[PDB]
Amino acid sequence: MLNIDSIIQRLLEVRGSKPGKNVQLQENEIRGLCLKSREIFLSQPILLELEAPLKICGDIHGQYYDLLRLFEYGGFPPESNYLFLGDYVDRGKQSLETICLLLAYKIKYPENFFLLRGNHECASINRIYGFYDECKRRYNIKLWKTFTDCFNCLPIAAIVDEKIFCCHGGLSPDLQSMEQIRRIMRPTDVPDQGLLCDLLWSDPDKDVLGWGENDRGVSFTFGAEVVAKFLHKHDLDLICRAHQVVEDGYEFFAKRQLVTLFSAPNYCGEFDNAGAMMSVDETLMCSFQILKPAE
């Protein structure tokens, strides 16, 4: 039995502190977030059907104080509805605080707050790129395994008002009907290839015609006509995805038929990129707020 309000209050009370200040929840509280959110994820569709207005965010990668700023400008739940597109953990310094706040809001406002799976919500990846280390350092191995079982139940994609298709990575040459996504059973790991892999790993590329081998070493690239055909077959207007660092936080592809969102400013302290959040209003007019890193 969670005291979700107590947990959220403690996560938010570090706002305004010198960036880097930790929240040390109890191990049992973090475990509780995982157990309860897993129930909620499994009870909801794996392909979400969402109604605007809402705000959509891309990668966070453990940049907790940047997540707090997103909420400060976007409005704290449930003032605004949110959809996050994955990659909550790794690389940044506070993956635990980040995923704990997101899971806590999912539990408190399960029909106003939504989280998709990214490719870093996968044990084979986040064992290496920082999350496992953070868990072992601050708590224990067992807690990391608990997060893994929770992540294995995240939904994979969302459609906003039957017009905006959202996922972390991108399209799949295997994908012909949305029913294929719906029939993916959870819990599941992410396979090294195939539909689920592509949805979390693939990228648009302006120089490819059709499908190409992705330079990442996983999945594919796809071109602008693949996007156009996808939108026409499924009666969609827009693909909204994340997964790539883009300099202004958002970046259009294929004459605004696809948009990439990335919400971790100055990623890894290397890229000097902005982070963006896309607001979708009830008429599906999309607008962008960006957080630009300054000295």
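Just count from 1 along the sequence shown to find any residue number.
Undergrad: Determine, for stretches 227-235 and 57-65, which one has the higher mean CA B-factor as deposited.
TA: The recorded data point to 227-235.
Undergrad: Higher average CA B factor in the deposited record is what I'm after, so tell me if that's 205-213 or 154-162.
TA: On average, C-alpha B-factors are higher across 205-213.
Undergrad: So among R186, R127, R117, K142, who wins on Cα B-factor in the entry?
TA: Answer, based on the entry's C-alpha B-factors: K142.
Undergrad: Have a look at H168, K106, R91, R182 and flag the one whose Cα has the highest B-factor in the entry.
TA: Highest CA B-factor of the listed options: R91.
Undergrad: Report the third (lowest, middle or highest) to which the CA temperature factor of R256 belongs, ranking only the modelled residues of the same chain.
TA: Its C-alpha B-factor, which the entry lists for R256, ranks in the highest third among residues of this chain.
Undergrad: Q176: which third of its chain by C-alpha temperature factor?
TA: It falls in the top third of the chain.
Undergrad: So where's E121 on the chain's Cα temperature factor ranking, which third?
TA: Lowest third.
Undergrad: Per the entry's values, where does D192 land by CA temperature factor relative to the rest of its chain, in the lowest, middle or highest third?
TA: For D192, the deposited C-alpha B-factor lands in the highest third.
Undergrad: By the recorded C-alpha temperature factor, relative to the other modelled residues in its chain, which third is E79 in?
TA: It belongs to the highest third of the chain when residues are ordered by C-alpha B-factor.
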